[PDB]
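Asker: Here you go, start.cif (mmCIF, C-alpha atoms and all ligand atoms):
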```cif
data_entry
#
loop_
_atom_site.label_atom_id
_atom_site.label_comp_id
_atom_site.auth_asym_id
_atom_site.auth_seq_id
_atom_site.Cartn_x
_atom_site.Cartn_y
_atom_site.Cartn_z
CA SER A 14 22.36 3.25 10.19
CA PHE A 15 18.64 3.59 9.51
CA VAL A 16 18.77 7.40 9.63
CA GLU A 17 20.17 7.29 6.09
CA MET A 18 16.89 5.71 4.94
CA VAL A 19 14.57 8.10 6.72
CA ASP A 20 12.74 10.28 4.18
CA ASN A 21 13.82 8.11 1.22
CA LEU A 22 10.33 8.03 -0.31
CA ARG A 23 8.65 10.68 -2.46
CA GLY A 24 5.54 10.86 -4.60
CA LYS A 25 2.42 12.65 -5.77
CA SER A 26 -0.86 12.24 -3.91
CA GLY A 27 -2.74 9.32 -5.45
CA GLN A 28 0.17 8.37 -7.70
CA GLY A 29 2.15 6.05 -5.43
CA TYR A 30 5.33 6.27 -3.36
CA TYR A 31 8.69 5.70 -5.00
CA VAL A 32 12.24 5.10 -3.82
CA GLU A 33 15.39 5.84 -5.83
CA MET A 34 17.34 2.85 -7.13
CA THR A 35 20.14 2.14 -9.59
CA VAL A 36 20.27 -0.72 -12.07
CA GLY A 37 23.12 -1.88 -14.29
CA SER A 38 26.79 -1.00 -14.72
CA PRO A 39 27.44 1.82 -14.95
CA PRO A 40 24.57 2.53 -12.47
CA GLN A 41 21.36 3.76 -14.09
CA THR A 42 19.19 5.91 -11.82
CA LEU A 43 15.44 5.29 -11.70
CA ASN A 44 12.53 6.01 -9.36
CA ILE A 45 10.76 2.79 -8.40
CA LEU A 46 7.27 2.61 -6.91
CA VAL A 47 7.09 0.58 -3.70
CA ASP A 48 4.38 -2.08 -4.11
CA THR A 49 3.69 -4.53 -1.26
CA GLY A 50 0.76 -5.78 -3.35
CA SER A 51 2.98 -7.56 -5.91
CA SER A 52 6.20 -9.53 -6.28
CA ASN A 53 7.76 -8.51 -9.60
CA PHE A 54 10.54 -5.94 -9.99
CA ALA A 55 10.02 -4.21 -13.33
CA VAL A 56 11.17 -1.07 -15.11
CA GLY A 57 10.21 0.79 -18.24
CA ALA A 58 12.82 -0.31 -20.78
CA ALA A 59 11.30 1.27 -23.86
CA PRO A 60 10.20 4.80 -24.80
CA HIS A 61 6.85 5.92 -23.41
CA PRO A 62 5.11 9.32 -23.40
CA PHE A 63 4.84 9.18 -19.59
CA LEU A 64 8.44 8.14 -18.95
CA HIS A 65 11.23 10.70 -18.55
CA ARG A 66 13.85 7.96 -18.58
CA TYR A 67 14.11 4.18 -18.73
CA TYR A 68 16.29 1.12 -18.34
CA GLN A 69 18.75 0.67 -21.20
CA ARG A 70 19.99 -2.92 -21.19
CA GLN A 71 22.46 -2.31 -24.03
CA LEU A 72 24.25 0.24 -21.84
CA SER A 73 24.78 -2.12 -18.90
CA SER A 74 27.77 -4.47 -18.92
CA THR A 75 26.32 -6.63 -16.14
CA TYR A 76 22.95 -7.18 -17.81
CA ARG A 77 22.13 -10.84 -18.45
CA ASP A 78 19.25 -12.01 -20.65
CA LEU A 79 17.02 -14.79 -19.32
CA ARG A 80 15.36 -15.32 -22.70
CA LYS A 81 11.88 -15.48 -21.21
CA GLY A 82 8.79 -13.31 -21.54
CA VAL A 83 6.60 -12.03 -18.73
CA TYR A 84 3.28 -10.31 -18.22
CA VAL A 85 1.76 -8.92 -15.01
CA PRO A 86 -1.88 -7.81 -14.56
CA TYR A 87 -2.82 -5.55 -11.61
CA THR A 88 -6.19 -4.41 -10.27
CA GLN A 89 -5.67 -1.49 -12.63
CA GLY A 90 -2.90 -1.52 -15.21
CA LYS A 91 -0.75 -4.21 -16.76
CA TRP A 92 2.54 -4.60 -18.58
CA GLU A 93 4.53 -7.26 -20.39
CA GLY A 94 8.25 -7.48 -21.02
CA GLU A 95 11.49 -9.42 -21.11
CA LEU A 96 13.03 -11.09 -18.06
CA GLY A 97 16.70 -10.71 -17.22
CA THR A 98 19.07 -9.94 -14.36
CA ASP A 99 21.41 -7.10 -13.48
CA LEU A 100 23.09 -5.44 -10.50
CA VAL A 101 20.84 -3.28 -8.34
CA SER A 102 21.32 -0.99 -5.36
CA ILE A 103 19.41 1.56 -3.29
CA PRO A 104 21.32 4.85 -2.80
CA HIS A 105 19.32 5.75 0.31
CA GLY A 106 19.18 2.21 1.61
CA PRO A 107 21.66 -0.44 2.79
CA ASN A 108 25.18 -0.12 1.38
CA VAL A 109 25.06 -3.20 -0.80
CA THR A 110 24.58 -4.43 -4.35
CA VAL A 111 22.70 -7.52 -5.46
CA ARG A 112 21.96 -9.29 -8.71
CA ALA A 113 18.21 -9.51 -9.07
CA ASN A 114 15.51 -10.43 -11.53
CA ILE A 115 14.32 -7.48 -13.58
CA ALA A 116 11.44 -7.35 -16.02
CA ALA A 117 12.16 -4.90 -18.83
CA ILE A 118 8.79 -3.36 -19.70
CA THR A 119 8.32 -3.14 -23.48
CA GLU A 120 4.55 -2.73 -23.59
CA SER A 121 2.06 -1.48 -21.01
CA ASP A 122 -1.54 -0.37 -20.57
CA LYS A 123 -2.75 2.08 -17.90
CA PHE A 124 0.31 1.23 -15.79
CA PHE A 125 2.61 4.26 -15.99
CA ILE A 126 1.10 7.47 -14.65
CA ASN A 127 1.68 10.82 -16.34
CA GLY A 128 3.73 13.06 -14.05
CA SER A 129 4.13 10.49 -11.27
CA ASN A 130 7.94 10.65 -11.55
CA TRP A 131 8.50 6.88 -11.36
CA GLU A 132 9.61 4.53 -14.13
CA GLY A 133 9.51 1.13 -12.46
CA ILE A 134 7.93 -0.98 -9.76
CA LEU A 135 9.29 -2.97 -6.83
CA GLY A 136 7.04 -5.85 -5.85
CA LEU A 137 7.76 -6.54 -2.20
CA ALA A 138 5.39 -9.49 -1.67
CA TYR A 139 6.24 -13.20 -1.92
CA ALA A 140 7.27 -15.48 -4.79
CA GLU A 141 3.93 -17.29 -4.75
CA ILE A 142 2.32 -14.44 -6.69
CA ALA A 143 5.33 -13.61 -8.87
CA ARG A 144 4.88 -13.98 -12.64
CA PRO A 145 5.26 -16.03 -14.71
CA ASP A 146 5.51 -18.29 -11.66
CA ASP A 147 7.02 -18.62 -8.19
CA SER A 148 10.43 -19.60 -9.56
CA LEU A 149 11.22 -15.96 -10.32
CA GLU A 150 12.81 -14.90 -7.03
CA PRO A 151 11.50 -11.46 -5.90
CA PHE A 152 13.91 -8.58 -5.21
CA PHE A 153 13.71 -8.65 -1.41
CA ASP A 154 14.29 -12.40 -1.29
CA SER A 155 17.41 -11.89 -3.41
CA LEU A 156 18.47 -9.02 -1.13
CA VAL A 157 18.12 -11.17 1.99
CA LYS A 158 19.86 -14.16 0.41
CA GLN A 159 22.84 -12.28 -1.04
CA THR A 160 23.47 -9.82 1.81
CA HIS A 161 23.31 -9.52 5.59
CA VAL A 162 20.19 -7.35 5.49
CA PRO A 163 17.68 -8.75 8.04
CA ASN A 164 14.48 -10.25 6.63
CA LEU A 165 12.12 -7.36 7.28
CA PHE A 166 11.35 -3.82 6.22
CA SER A 167 9.04 -1.10 7.41
CA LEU A 168 7.11 1.61 5.63
CA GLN A 169 6.15 5.02 6.95
CA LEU A 170 3.92 6.65 4.36
CA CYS A 171 3.22 10.31 5.02
CA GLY A 172 0.30 11.81 3.12
CA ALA A 173 -0.26 15.55 2.68
CA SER A 185 3.48 16.34 -2.57
CA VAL A 186 3.93 13.26 -0.38
CA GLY A 187 6.89 11.76 1.47
CA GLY A 188 7.81 8.85 3.67
CA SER A 189 10.38 6.26 4.63
CA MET A 190 11.16 2.68 3.69
CA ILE A 191 13.45 1.30 6.36
CA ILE A 192 15.12 -1.69 4.78
CA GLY A 193 16.24 -4.40 7.16
CA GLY A 194 14.86 -2.99 10.37
CA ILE A 195 12.65 -0.82 12.53
CA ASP A 196 13.45 2.86 13.20
CA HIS A 197 11.99 3.70 16.59
CA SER A 198 12.17 7.44 16.05
CA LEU A 199 9.40 7.15 13.44
CA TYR A 200 6.46 6.12 15.62
CA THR A 201 4.86 6.63 19.02
CA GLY A 202 3.24 4.20 21.41
CA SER A 203 3.52 0.45 21.00
CA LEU A 204 3.71 -1.69 17.88
CA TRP A 205 0.83 -4.14 17.50
CA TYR A 206 1.32 -7.26 15.38
CA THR A 207 -1.11 -9.27 13.25
CA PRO A 208 -0.10 -12.62 11.67
CA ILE A 209 0.68 -12.84 7.98
CA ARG A 210 -1.96 -15.49 7.18
CA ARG A 211 -0.15 -16.93 4.18
CA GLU A 212 3.01 -15.93 2.37
CA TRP A 213 1.85 -14.73 -1.04
CA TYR A 214 0.20 -11.31 -0.70
CA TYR A 215 0.78 -9.78 2.72
CA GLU A 216 -2.51 -11.37 3.76
CA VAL A 217 -4.05 -10.56 7.14
CA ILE A 218 -7.34 -11.27 8.92
CA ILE A 219 -9.82 -8.55 9.93
CA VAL A 220 -11.94 -9.77 12.85
CA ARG A 221 -14.27 -6.84 13.46
CA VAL A 222 -15.23 -3.47 12.02
CA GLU A 223 -16.74 -0.46 13.78
CA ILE A 224 -17.84 2.93 12.48
CA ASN A 225 -17.95 5.66 15.13
CA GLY A 226 -17.83 2.96 17.80
CA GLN A 227 -20.66 0.86 16.37
CA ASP A 228 -20.10 -2.71 15.18
CA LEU A 229 -21.13 -3.39 11.57
CA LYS A 230 -22.32 -6.77 12.88
CA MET A 231 -21.54 -8.74 9.73
CA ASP A 232 -20.14 -12.26 9.65
CA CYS A 233 -16.42 -11.51 9.94
CA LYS A 234 -15.72 -13.76 6.92
CA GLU A 235 -17.31 -11.02 4.81
CA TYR A 236 -14.51 -8.67 5.91
CA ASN A 237 -11.98 -11.03 4.35
CA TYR A 238 -14.28 -12.40 1.63
CA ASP A 239 -11.71 -13.85 -0.68
CA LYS A 240 -8.82 -12.20 1.21
CA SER A 241 -7.51 -9.11 3.01
CA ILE A 242 -4.11 -7.67 2.08
CA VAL A 243 -1.90 -4.68 2.91
CA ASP A 244 -0.87 -2.84 -0.25
CA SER A 245 1.25 0.30 -0.35
CA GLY A 246 0.57 0.33 -4.09
CA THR A 247 -3.16 0.91 -3.78
CA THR A 248 -4.43 4.39 -2.92
CA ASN A 249 -7.82 3.53 -1.43
CA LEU A 250 -9.28 1.33 1.26
CA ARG A 251 -10.93 -1.25 -1.00
CA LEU A 252 -13.76 -3.31 0.48
CA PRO A 253 -15.73 -6.31 -0.76
CA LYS A 254 -19.17 -5.45 -2.16
CA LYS A 255 -21.29 -6.30 0.89
CA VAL A 256 -18.85 -4.63 3.27
CA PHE A 257 -18.50 -1.59 1.00
CA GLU A 258 -22.26 -1.09 0.94
CA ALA A 259 -22.67 -1.32 4.72
CA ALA A 260 -19.84 1.17 5.26
CA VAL A 261 -21.09 3.73 2.73
CA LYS A 262 -24.59 3.43 4.18
CA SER A 263 -23.15 4.20 7.62
CA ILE A 264 -20.89 7.00 6.42
CA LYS A 265 -23.78 8.48 4.43
CA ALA A 266 -26.12 8.49 7.42
CA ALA A 267 -23.53 10.15 9.64
CA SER A 268 -22.97 12.92 7.10
CA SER A 269 -26.60 13.28 5.98
CA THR A 270 -26.68 16.95 7.03
CA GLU A 271 -24.66 17.61 3.86
CA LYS A 272 -25.25 17.25 0.13
CA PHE A 273 -23.15 15.01 -2.09
CA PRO A 274 -23.26 14.50 -5.91
CA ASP A 275 -23.79 10.78 -5.14
CA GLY A 276 -21.26 10.06 -7.87
CA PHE A 277 -19.07 11.20 -5.01
CA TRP A 278 -19.71 7.97 -3.10
CA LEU A 279 -18.53 6.05 -6.15
CA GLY A 280 -15.41 8.17 -6.38
CA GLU A 281 -16.63 9.56 -9.71
CA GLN A 282 -17.05 13.10 -8.39
CA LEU A 283 -15.35 15.29 -5.78
CA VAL A 284 -16.99 17.41 -3.09
CA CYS A 285 -15.84 20.89 -2.08
CA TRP A 286 -16.32 23.32 0.82
CA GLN A 287 -15.18 26.89 1.48
CA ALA A 288 -11.51 26.92 2.49
CA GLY A 289 -11.04 25.89 6.11
CA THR A 290 -14.69 24.95 6.57
CA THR A 291 -14.61 21.20 5.90
CA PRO A 292 -17.07 19.60 8.37
CA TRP A 293 -14.76 16.78 9.48
CA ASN A 294 -16.86 16.23 12.61
CA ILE A 295 -19.70 14.82 10.52
CA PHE A 296 -17.58 12.05 9.00
CA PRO A 297 -17.01 8.94 11.18
CA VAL A 298 -13.80 7.26 12.24
CA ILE A 299 -13.41 3.65 11.09
CA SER A 300 -11.95 0.98 13.33
CA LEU A 301 -10.52 -2.18 11.82
CA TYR A 302 -9.76 -4.96 14.30
CA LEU A 303 -6.94 -7.28 13.28
CA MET A 304 -6.15 -10.77 14.59
CA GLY A 305 -3.46 -10.56 17.26
CA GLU A 306 -0.49 -12.67 18.31
CA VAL A 307 -2.09 -14.57 21.19
CA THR A 308 -5.20 -16.71 21.60
CA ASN A 309 -8.49 -14.81 21.38
CA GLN A 310 -6.58 -11.52 21.23
CA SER A 311 -6.84 -8.76 18.67
CA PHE A 312 -6.15 -5.04 18.41
CA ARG A 313 -7.56 -2.15 16.45
CA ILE A 314 -6.38 0.64 14.22
CA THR A 315 -8.65 3.63 13.79
CA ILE A 316 -8.94 5.69 10.62
CA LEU A 317 -9.88 9.39 10.59
CA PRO A 318 -12.04 10.89 7.82
CA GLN A 319 -9.01 12.95 6.81
CA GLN A 320 -7.61 9.65 5.56
CA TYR A 321 -10.49 8.41 3.44
CA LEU A 322 -11.35 11.87 2.10
CA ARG A 323 -8.30 12.35 -0.12
CA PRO A 324 -7.59 16.03 -0.95
CA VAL A 325 -7.75 16.90 -4.65
CA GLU A 326 -6.60 20.35 -5.74
CA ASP A 327 -9.20 22.23 -7.76
CA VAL A 328 -7.43 23.33 -10.95
CA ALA A 329 -10.31 25.75 -11.50
CA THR A 330 -11.28 28.22 -8.78
CA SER A 331 -8.69 27.31 -6.15
CA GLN A 332 -10.84 28.85 -3.42
CA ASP A 333 -12.46 25.80 -1.85
CA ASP A 334 -11.14 22.55 -0.39
CA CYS A 335 -12.27 19.59 -2.47
CA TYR A 336 -11.95 15.88 -1.78
CA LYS A 337 -12.58 12.49 -3.37
CA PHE A 338 -14.08 9.53 -1.49
CA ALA A 339 -11.12 7.16 -1.10
CA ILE A 340 -13.12 4.05 -0.19
CA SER A 341 -14.10 1.87 -3.14
CA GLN A 342 -15.80 -1.44 -3.86
CA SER A 343 -13.76 -4.55 -4.56
CA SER A 344 -14.36 -8.01 -6.00
CA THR A 345 -10.99 -9.45 -4.97
CA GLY A 346 -11.10 -8.98 -1.22
CA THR A 347 -10.19 -6.13 1.13
CA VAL A 348 -7.23 -3.94 0.29
CA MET A 349 -5.71 -1.77 3.00
CA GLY A 350 -4.06 0.86 0.82
CA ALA A 351 -2.33 4.18 1.50
CA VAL A 352 -5.58 5.47 3.01
CA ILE A 353 -4.93 3.03 5.84
CA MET A 354 -1.12 2.94 5.92
CA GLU A 355 -0.55 6.71 5.91
CA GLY A 356 -1.87 6.85 9.45
CA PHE A 357 0.78 4.45 10.77
CA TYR A 358 4.28 3.01 10.87
CA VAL A 359 3.96 -0.42 9.26
CA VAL A 360 6.44 -3.21 9.91
CA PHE A 361 6.58 -6.11 7.44
CA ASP A 362 8.28 -8.63 9.71
CA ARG A 363 8.74 -11.43 7.19
CA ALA A 364 11.16 -13.20 9.55
CA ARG A 365 8.47 -13.63 12.20
CA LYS A 366 5.59 -13.77 9.71
CA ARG A 367 3.77 -10.76 11.09
CA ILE A 368 2.87 -7.17 10.27
CA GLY A 369 3.11 -4.50 12.95
CA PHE A 370 1.16 -1.28 13.27
CA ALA A 371 2.01 1.80 15.34
CA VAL A 372 0.82 5.41 15.31
CA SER A 373 3.08 7.23 12.86
CA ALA A 374 5.10 10.31 13.81
CA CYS A 375 3.77 11.94 10.63
CA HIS A 376 0.14 11.14 11.43
CA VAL A 377 -2.49 13.60 10.20
CA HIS A 378 -4.79 14.15 13.17
CA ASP A 379 -7.64 16.65 13.44
CA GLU A 380 -8.40 18.69 16.54
CA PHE A 381 -10.70 16.53 18.67
CA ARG A 382 -9.98 12.99 17.43
CA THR A 383 -6.80 10.95 17.12
CA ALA A 384 -5.87 8.04 14.86
CA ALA A 385 -4.80 5.10 17.01
CA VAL A 386 -3.62 1.51 17.35
CA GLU A 387 -5.10 0.06 20.51
CA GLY A 388 -5.04 -3.24 22.33
CA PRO A 389 -5.43 -5.72 23.59
CA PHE A 390 -9.01 -6.71 22.79
CA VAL A 391 -10.56 -10.11 23.36
CA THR A 392 -12.15 -11.70 20.28
CA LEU A 393 -13.35 -15.31 20.15
CA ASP A 394 -13.20 -17.58 17.10
CA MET A 395 -10.96 -15.23 15.10
CA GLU A 396 -9.85 -18.12 12.90
CA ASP A 397 -13.42 -18.38 11.60
CA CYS A 398 -12.97 -14.91 10.10
CA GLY A 399 -10.58 -16.25 7.51
CA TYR A 400 -12.16 -17.19 4.20
CA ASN A 401 -11.46 -20.58 2.61
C1 LIG A 501 0.32 -10.32 -10.14
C2 LIG A 501 -0.23 -10.61 -8.72
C3 LIG A 501 -0.23 -9.32 -7.86
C4 LIG A 501 -1.30 -8.32 -8.33
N1 LIG A 501 -1.38 -7.27 -7.32
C5 LIG A 501 -2.20 -6.23 -7.50
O1 LIG A 501 -2.89 -6.07 -8.49
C6 LIG A 501 -2.23 -5.20 -6.37
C7 LIG A 501 -3.41 -5.65 -5.48
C8 LIG A 501 -2.51 -3.79 -6.92
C9 LIG A 501 -1.14 -3.12 -7.22
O2 LIG A 501 -0.63 -2.63 -5.97
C10 LIG A 501 -1.30 -1.95 -8.21
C11 LIG A 501 0.04 -1.18 -8.42
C12 LIG A 501 -0.14 -0.20 -9.62
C13 LIG A 501 -0.11 -1.04 -10.93
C14 LIG A 501 1.05 0.81 -9.67
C15 LIG A 501 0.87 1.90 -8.59
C16 LIG A 501 0.07 3.05 -9.19
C17 LIG A 501 -0.12 4.21 -8.16
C18 LIG A 501 -1.48 4.08 -7.45
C19 LIG A 501 -2.54 4.07 -8.55
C20 LIG A 501 -3.95 3.95 -8.01
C21 LIG A 501 -4.28 2.59 -7.46
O3 LIG A 501 -4.80 2.54 -6.35
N2 LIG A 501 -3.99 1.49 -8.22
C22 LIG A 501 -4.38 0.15 -7.72
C23 LIG A 501 -5.85 -0.06 -8.15
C24 LIG A 501 -3.49 -0.90 -8.30
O4 LIG A 501 -3.86 -1.64 -9.21
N3 LIG A 501 -2.27 -0.98 -7.72
#
```
For the file at hand, write its structure as structure tokens.
Answerer:
Amino acid sequence: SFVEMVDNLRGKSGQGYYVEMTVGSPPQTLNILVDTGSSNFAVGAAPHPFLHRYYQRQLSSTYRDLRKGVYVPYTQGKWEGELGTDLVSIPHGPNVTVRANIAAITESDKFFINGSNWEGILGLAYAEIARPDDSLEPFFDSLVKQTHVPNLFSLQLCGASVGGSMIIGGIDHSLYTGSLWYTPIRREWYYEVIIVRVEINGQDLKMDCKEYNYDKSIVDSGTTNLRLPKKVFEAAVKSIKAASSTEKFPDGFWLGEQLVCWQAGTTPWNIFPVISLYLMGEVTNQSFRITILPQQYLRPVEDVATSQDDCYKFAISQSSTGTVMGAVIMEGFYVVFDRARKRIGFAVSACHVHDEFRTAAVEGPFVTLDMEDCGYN
């Protein structure tokens, strides 16, 4: 019955993917952003210039107040509100209803996005990072505990205004090609994984692999870019710069502060390198790799002015809180969050965006010694 969930995600490029949900009785319809980078379910519950609608507790007969405040800070954006519970369901998801924790957003800062079309957020990670603390059971945990929905979900994010699928409770084989490759969820808080090697156009960056996970490495559908720790970010940009030297860039471009353009249909993709991220595998000394095409880290940005050229923004940015594999990475694949078996699977997506002479891929197996040493402690 997964076909009913295919194509249940929508969104605007760079503004997150959202799924439709209903909260309260009678059911209140809202678009909720899917965030594997957090664990709190929250919805705008008070007027806001960027919100077209919001959760109205006074109109729901099943709403229960928990009489507790809550605040949640993200890499960018934050909100605070009032905790409570209410009945929730997903129209284009499993046919079930569950009572879950809901944070009614009363105040926010740089959280809601103008014209994004979503009014709430669904944190799909674990209770360990839930606010105010791990006692606030996350939505998916509640779903799994109250219903017969298996403990896993998969995300198929399709880039270029964007669409995709969140298959709740299973894997839909019609959405990917080739084999699924699994990497262990290191610890159950963020969906933390371990990167064991990085190559750019087939050349190893040759850094201590701990640097790749310096602090941590997570998979986050709620982050647009591929975010890399300082040292790693610098090595990558240096490499990407050198490979594309035969072109001129505003330099602010490499910081994501300025976009580059080219005459329509003349983008020199061939000069931008593919990036291969090797992830720890399921067996001893075994890993696999996923390769990223420049069409993924060069996010298209429409030019409101003279819509004659194709412009793009560099979607790889520096981080101080570890590596973040955002939409830039996920859009190229079918990603399975197999909580039950504590692993995350990757497979080439059916909606992959491949160029003409190169192909995004998930390949294995590779042999890699001392992978455990790649994890930061
Ligand atoms: C409270 C512990 C968990 C905190 N988790 C996070 O902060 C994760 C890593 C980031 C979240 O996914 C947040 C989720 C944000 C609020 C909402 C999605 C907004 C659409 C994408 C906007 C551009 C973007 O890329 N935002 C990143 C920088 C971001 O902060 N992402």
Asker: Residues at most 6 Å from residue 340 in chain A, counting all atoms listed in the file, excluding those fewer than 3 positions away in the same chain, as a ChimeraX atom specification?
Answerer: /A:249-251
Asker: Write out as a list in words which residues come within 12 Å of residue 327 in chain A when counting only C-alpha atoms, dropping same-chain ones fewer than 3 positions away.
Answerer: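 Close residues of residue 327 in chain A: residues 283, 284, 285, 286, 287, 288, 324, 330, 331, 332, 333, 334, 335, 336 and 337 of chain A.
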Asker: Would you list the contacts of residue 156 in chain A as a list in words, taking every protein, DNA or RNA residue within 9 Å and counting only C-alpha atoms, but skipping same-chain residues closer than 6 positions in sequence?
Answerer: residues 109, 110, 111, 112, 113, 162 and 164 of chain A
Asker: Mind running chain A against ligand LIG 501 (chain A) at 8 Å and telling me each contacting residue's nearest atom pair with the distance in Å (one decimal), counting only C-alpha atoms and all ligand atoms, chain and number ascending, as CSV?
Answerer:
```
residue,atom,partner,partner_atom,distance
A:27,CA,A:LIG501,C18,5.7
A:28,CA,A:LIG501,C17,4.2
A:29,CA,A:LIG501,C17,4.0
A:30,CA,A:LIG501,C17,7.5
A:46,CA,A:LIG501,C15,6.7
A:48,CA,A:LIG501,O2,5.4
A:49,CA,A:LIG501,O2,6.7
A:50,CA,A:LIG501,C6,4.3
A:51,CA,A:LIG501,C3,4.1
A:52,CA,A:LIG501,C3,6.6
A:53,CA,A:LIG501,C1,7.7
A:85,CA,A:LIG501,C1,5.3
A:86,CA,A:LIG501,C1,5.5
A:87,CA,A:LIG501,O1,3.2
A:88,CA,A:LIG501,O4,3.8
A:89,CA,A:LIG501,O4,3.9
A:90,CA,A:LIG501,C13,5.1
A:91,CA,A:LIG501,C13,6.7
A:124,CA,A:LIG501,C13,5.4
A:125,CA,A:LIG501,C16,7.4
A:126,CA,A:LIG501,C16,7.1
A:134,CA,A:LIG501,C14,7.1
A:142,CA,A:LIG501,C2,5.0
A:143,CA,A:LIG501,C1,6.1
A:144,CA,A:LIG501,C1,6.4
A:214,CA,A:LIG501,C3,7.4
A:242,CA,A:LIG501,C7,7.9
A:244,CA,A:LIG501,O2,5.7
A:245,CA,A:LIG501,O2,6.6
A:246,CA,A:LIG501,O2,3.7
A:247,CA,A:LIG501,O3,3.5
A:248,CA,A:LIG501,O3,3.9
A:249,CA,A:LIG501,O3,5.9
A:348,CA,A:LIG501,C7,7.1
A:350,CA,A:LIG501,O3,7.4
```
Asker: So the first atom is CA of residue 132 in chain A and the second is CA of residue 66 in chain A; what is the distance between them in Å, to one decimal place?
Answerer: 7.0 Å
